[PDB]
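# Sequence plus experimental coordinates follow:
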Number of protein chains: 6
Amino acid sequence: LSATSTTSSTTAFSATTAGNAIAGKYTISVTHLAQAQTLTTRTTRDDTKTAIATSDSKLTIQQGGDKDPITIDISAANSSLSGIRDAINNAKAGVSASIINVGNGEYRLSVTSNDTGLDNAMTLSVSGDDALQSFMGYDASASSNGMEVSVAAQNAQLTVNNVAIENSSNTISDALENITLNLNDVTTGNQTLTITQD
Amino acid sequence: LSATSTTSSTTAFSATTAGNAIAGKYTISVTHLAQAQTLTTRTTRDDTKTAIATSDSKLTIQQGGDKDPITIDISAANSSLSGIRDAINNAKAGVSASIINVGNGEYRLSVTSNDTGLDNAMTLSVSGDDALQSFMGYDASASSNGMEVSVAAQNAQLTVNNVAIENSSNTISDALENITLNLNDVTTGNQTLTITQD
Amino acid sequence: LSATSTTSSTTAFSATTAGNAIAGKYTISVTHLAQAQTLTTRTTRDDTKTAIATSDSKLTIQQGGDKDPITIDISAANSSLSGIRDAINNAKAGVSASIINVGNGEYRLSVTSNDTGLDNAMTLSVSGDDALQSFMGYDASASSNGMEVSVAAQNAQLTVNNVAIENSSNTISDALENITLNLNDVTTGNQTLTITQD
Amino acid sequence: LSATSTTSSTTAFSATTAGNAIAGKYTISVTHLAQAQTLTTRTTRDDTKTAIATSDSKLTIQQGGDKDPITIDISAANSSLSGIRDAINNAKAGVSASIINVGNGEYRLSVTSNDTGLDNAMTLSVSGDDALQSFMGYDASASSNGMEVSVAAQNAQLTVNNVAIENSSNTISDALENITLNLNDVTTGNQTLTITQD
Amino acid sequence: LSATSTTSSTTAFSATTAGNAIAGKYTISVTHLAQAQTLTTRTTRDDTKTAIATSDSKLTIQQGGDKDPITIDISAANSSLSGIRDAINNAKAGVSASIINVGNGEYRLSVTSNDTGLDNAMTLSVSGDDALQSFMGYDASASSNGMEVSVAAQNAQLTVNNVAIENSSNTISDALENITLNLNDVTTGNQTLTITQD
Amino acid sequence: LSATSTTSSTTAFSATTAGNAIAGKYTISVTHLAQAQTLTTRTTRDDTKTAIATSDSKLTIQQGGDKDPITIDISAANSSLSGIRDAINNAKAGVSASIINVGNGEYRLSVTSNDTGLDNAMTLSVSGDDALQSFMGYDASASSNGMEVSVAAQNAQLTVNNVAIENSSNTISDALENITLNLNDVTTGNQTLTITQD
């Protein structure tokens, strides 16, 4: 019922408010932005159309935060870069695949989680085909993997009025009552968010 | 009856005037802003709904400056984080409670005094339940407390024409005759407030 | 009969002209601004209403520059901070009194001369009551005084085309023929005032 | 079907998107711009009209990237600077010739590949005339050549979300799905491209 | 008949042109501005109305550059500061007198030549009265004088396309054909005046 | 037939294009601007009207770059500064004469070539009169001359895409095909001229 406006010392963050947000000055220090994991094949193919697997296979995609594993069927015919990209994207597995032409007639496969957060980090495993498993597999606890981490999963980390706060997201509306905090950048020095009763 | 306008060398302070304010140049140096105390539970709960107390209990909130103590009743059922927040906020005890989700499935309770000032610092004590007392109690003279100080209570401190001035508030209209001083920031070097007869 | 316009290298000074002012470039260096003396009670009262004197008394206010002394009557009843402030202000004694709440439940009395200038420095003496004399007395040649100097009386000091000039005022229209010089700040380096025939 | 807008931290790069481009923040670091090879005659002629060859001859222009060689006929009469420039330009050989008057009554011949890229580097060889071969020949593996490299052929080199990318062009719309990257400059520090769903 | 426009690299100088001025770039370096001599009485009077001379006297004002000497009659009655100022100003002697109130109840007499230039420096001599001669006399070759030089006479000194130029004036339209140069300031480094045919 | 637009990183140069100019980025480094020689008499006259020669004489003006010598007749009567200036200017000899009043009642004669360029440097010789020859003669290979060089003749020197270019002029439309380069200043670091097909 009670409306408020916000002002910020930096482009590093802004904020909007729901009703009944507490007016006043908030000291905000942002030390890390949330990041969505991206895994990229450490090796390349010379095209997007040649099958990589010789058998049909099953891709398992498992995220953290107690989410259900998704198993996708990939026929030998569809074990090409395009085939796998399409099969992942069509699965709606909370991850998204794309192809990168890195030049020199070489292509990489990238898989990115749709949501930022440590809990949105992912495991990828392929059963029923060695070549594809070793091309595309990723397990953080394995020494050799087909994927490398090109973008680390990461949580936002900030302090608000000296209270330490971690969050899966750079859009934070679950931490502070009736405030939504949007993090655009890590901060330096004293930065403040000002909330005034209308 | 006599109107005046104000000008300031810094965004650090501004000022407005009542009638018959004395025209001229005032040298203003601000060394500290007033602050409202915030106490935050040093420990967390994994949710906002589970009762913390096993008995019914009585929360005492005592501010300084010779204000009356307020005692609030908290049933065992209402000794949850939400319960306590609601009970404090509903009491109109000159303090305001909020819940902070610090991430990792953990929640803190914060209590803030509505007014800035050393005299608005607060003591919190709970009788009739050990767990809640040790979760949420705060006494500045005790070695172990449930609260920590996340925002120190603090008085504004400034000098006006070399006269030292302390104030509970950053909105100062009781210090200088017919002037209201608004402090937005601590200053550096020579800063002046200019008052001219209209 | 002959009109002129002025330009200045700095916000430190500006100038306007009467008729027949001599066109050209004036090198101006300002080393000191004029100041109005302010005396402030070195001690405080805990309120503005309690009488300070036990007898009726006579406040003498004597400025320099061969001005007449003004003697004001202050009954014991009116020897409160408010009482004295009112009695001074009502006297039109070329000085002006105000009360400062310095915080911590303490009040100071300030007396300021209305005009800047060394010659507007003041002596304050109270006969017929020790307490008030020692609270509020000021004599520059006495070792102990009730007042301290919080703002030194001071003359403007500048040089115009290498001619040294002293003045009671920062509004100087008696130094240079047909020019009024307004001093806002002390200068650094070569600053010039330009006067051109219209 | 899904539209997106782009924002960039630097004038060093910009970007536009086709439909269904993945929203979000891309960290982009550009270390090299693509360049089109330019070869310039190390010696000069004193005019553009005198034939250089005494026999008719055949200019061969061979680019990399498995492109077909183009052989051009140059009569002795047309072995002048103007003659050769016209014959090259008229051939549409994926290269472009121009004359540079370097002053002092001297002229150079420049040949530039129309497309940037290492693969667009070129070999020039003239059969049937020594003078013209030694004036204008270029082979990267020969110790003495008529041409010098005045602009090295070069590939764009950048990294996008830590993925290394090489490209023949500074207009890159084949590397990243549904994005066109335009490189105007090499970057310094953290620069980012922002893509937001409309 | 042929019009031209001017552009300048600095506010230090500008320029306008008569017809048929030579278009092009002029390198201008200004090392000194012309100055008009000002002489000021080294001593002061405590007022402007008391006669200084006891006899009637004759003030001689002699400038350089082969100008005629002007002799002015000053009665004893008119040997006051106001008297002398009026008598000088009324003489139209190519000099101008003014009174300066330097503060502390003291007044100085200043005499300034109307034109800048070394050749506009002046000698002042009073016959028939010792007091006034010693108050107000000035001769550059005498060891003791009544005047001091508060503003040195000085010539503009500049170089235009490496040609050294001296001038009595900061408004220079007699040095360069069909150009008027206005000097506002001494320069630093390479500064240029650009003249382009319209 | 094909139109193009130009952009430049610096005010140091700009450019416009004729049809069919080659689109793209040109790296331009300017190390020297072209200059027109100016010769100035090392000695002065005290006026512009007194003849310098006692006999009639013949002034020869010879520029470089294989231009024809121009011989001008100067009667003894017309051997004044004004006389010689008029006679030179009226000859249309590709040079232009002016008089400079250097102050102190002294005048110099300046002769400037109308075109910039090393090839527009000049020799001046007077036959039939010693005084005028020694006043005004200039030969770069002679040890004593009447003229000094106050502005060196000089060629523009720049590099375009690493190709070294010399030019008599700062308006260069004969060096690069279908481009006109205007040089306003010597450059520092990487500067580029951008040409884009419309």
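Right, received. Where do you want to start? Residues are numbered from 1 along each chain as shown, chains lettered A, B, ... in the order given.
# where does residue A:88 fall, phi/psi-wise?
phi -60, psi -50 (degrees, to the nearest 10).
# okay, now the residue lying closest to it once chain neighbours are set aside: neighbour count?
Distances taken as C-beta to C-beta, 6 or more residues apart in numbering or on different chains put residue A:97 closest to residue A:88, at 3.9 Å, once the chain neighbours are dropped. For the C-beta atoms, the positions are set from N, CA and C on the backbone; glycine is no exception. Using other C-beta atoms under 10 Å in any protein chain shown, residue A:97 has 22 neighbouring residues.
# for residue A:6, same thing?
Burial of residue A:6 is recorded as 18 neighbouring residues (other C-beta under 10 Å).
# so how far is residue B:182 from it?
Going from residue A:6 to residue B:182 by C-beta to C-beta, to the nearest Å gives 19 Å.
# give me the beta-bridge partners of the residue nearest to residue A:88?
The bridge-partner assignment for residue A:97, based on DSSP bridges, gives residue A:111.
# Could you do residue A:138 as well?
Assessed by DSSP bridges, residue A:138 has beta-bridge partners residue A:124.
# you'd agree it is up against residue A:150?
No: applying C-beta atoms under 8 Å, one finds residue A:138 not in contact with residue A:150, separated by 11.2 Å.
# Give me the common contacts of the two.
residue A:39 (C-beta atoms under 8 Å, 6 or more residues apart in numbering or on different chains).
# Tell me the residues of chain A that contact chain D?
Contact residues (C-beta under 8 Å from any C-beta of the partner chain) of chain A with chain D: A:36, A:38, A:40, A:96, A:98-104, A:108, A:110, A:112, A:150-151.
# Show me which of those are buried.
Listed as buried from the residues of chain A next to chain D are A:36, A:38, A:40, A:96, A:98-103, A:108, A:110, A:112, A:150-151; burial here means 16 or more other C-beta atoms under 10 Å in any protein chain shown.
# Just the ones of those residues in strands?
Counting by DSSP state E, the part of those found in strands is A:38, A:40, A:96, A:98-103, A:108, A:110, A:112, A:150-151.
# For the residues you listed, work out which two are farthest apart.
Taking C-beta to C-beta as the measure, these span a maximum distance of 22.7 Å, between A:96 and A:103.
# Just list the residues touching the most centrally placed residue in chain A, thanks.
Nearest residue to the geometric centre of chain A (C-alpha atoms, centre = their mean): residue A:36, 1.6 Å. Residue A:36 makes contact with A:112-117, A:120, A:151, A:153, D:24 under the criterion C-beta under 8 Å, 6+ apart.
# element containing the closest residue to residue A:103 other than its chain neighbours?
Leaving aside its sequence neighbours, residue A:103 sits nearest to residue D:166 (C-beta to C-beta, 6+ apart; 3.2 Å). For residue D:166, the host element (DSSP states H and E) is strand D:163-167.
# Touching, the residue nearest to residue A:103 and residue A:102? I think so.
Yes: Residue D:166 lies in contact with residue A:102 (C-beta under 8 Å); the separation is 6.6 Å.
# can you name the two of the buried ones among the residues of chain A next to chain D that are farthest apart?
Among those, A:36 and A:103 lie farthest apart (C-beta to C-beta), at 24.8 Å.
# and the residue of chain A nearest chain C?
residue A:25 (21.1 Å; C-beta to the nearest C-beta).
# so when I look at that residue, I'm seeing a helix, right?
No: going by DSSP: H, G, I helix; E, B strand; the rest coil, the assignment for residue A:25 is strand, not a helix.
# Could you count how many residues lie near the residue of chain A found nearest chain E?
Per C-beta to the nearest C-beta, residue A:11 is where chain A lies closest to chain E, at 35.8 Å. Residues within reach of residue A:11, counting by other C-beta under 10 Å, total 8.
# what's the answer for the one 3 residues further on, then?
Burial of residue A:14 is recorded as 15 neighbouring residues (other C-beta under 10 Å).
# Please identify the helix or strand for it.
Assigned by DSSP H and E, residue A:14 belongs to strand A:13-17.
# Strand partners (parallel or antiparallel) of that strand?
The strands beside strand A:13-17 in its sheet (DSSP bridges) come out as strand A:179-183 (antiparallel).
# what packs against the helix or strand following the strand it pairs with?
Following strand A:179-183 in sequence order, the next helix or strand is strand A:192-197 (DSSP H and E). The contact analysis (3 or more C-beta pairs under 8 Å, 6 or more residues apart in numbering or on different chains; DSSP states H and E) places strand A:192-197 against strand A:4-8, strand A:13-17, strand A:24-32.
# Highest mean neighbour count out of these?
Greatest average neighbour count among the helices and strands packed on strand A:192-197 goes to strand A:13-17 (a mean of 19), per mean count of other C-beta atoms under 10 Å in any protein chain shown.
# what's the neighbour count on whatever residue of chain A ends up closest to chain B?
With C-beta to the nearest C-beta, the shortest gap between chain A and chain B falls at residue A:166, namely 3.2 Å. Residue A:166: 19 surrounding residues under other C-beta under 10 Å.
# picking up where we left off before, let me know the closest of the residues of chain A next to chain D to residue F:72.
Using C-beta to C-beta, the residues of chain A next to chain D come closest to residue F:72 at residue A:103, 70.5 Å.
# Hmm, residue D:175 and the closest one touching each other?
Yes: with contact defined as C-beta under 8 Å, residue A:103 counts as touching residue D:175 (7.3 Å).
# Got the domain ranges for chain A?
Following the assignment in curated CATH domains, chain A carries domains at A:1-34+A:155-198, A:35-154.
# From the chain's centroid, how far away is the shortest one?
Distance of domain A:1-34+A:155-198 from its chain centroid, counting by C-alpha atoms, centre = their mean, to the nearest Å, is 21 Å.
# what do you get for stretch A:21-37?
In terms of C-alpha atoms, centre = their mean, the centre of stretch A:21-37 is found 19 Å from the chain centre.
# repeat for stretch A:49-66
Per C-alpha atoms, centre = their mean, the centroid offset for stretch A:49-66 relative to its chain is 19 Å.
# so residue A:133 sits in a strand?
No: the assignment for residue A:133, made by three-state DSSP, is helix rather than a strand.
# How many neighbouring residues does the closest residue to it other than its chain neighbours have?
In space, residue A:133 comes closest to residue A:126 once its chain neighbours are excluded; the distance is 4.2 Å by C-beta to C-beta, 6+ apart. Neighbour count of residue A:126, defined by other C-beta under 10 Å: 24.
# Residue A:126 is in contact with residue A:58, isn't it?
Yes: with contact defined as C-beta under 8 Å, residue A:126 counts as touching residue A:58 (6.9 Å).
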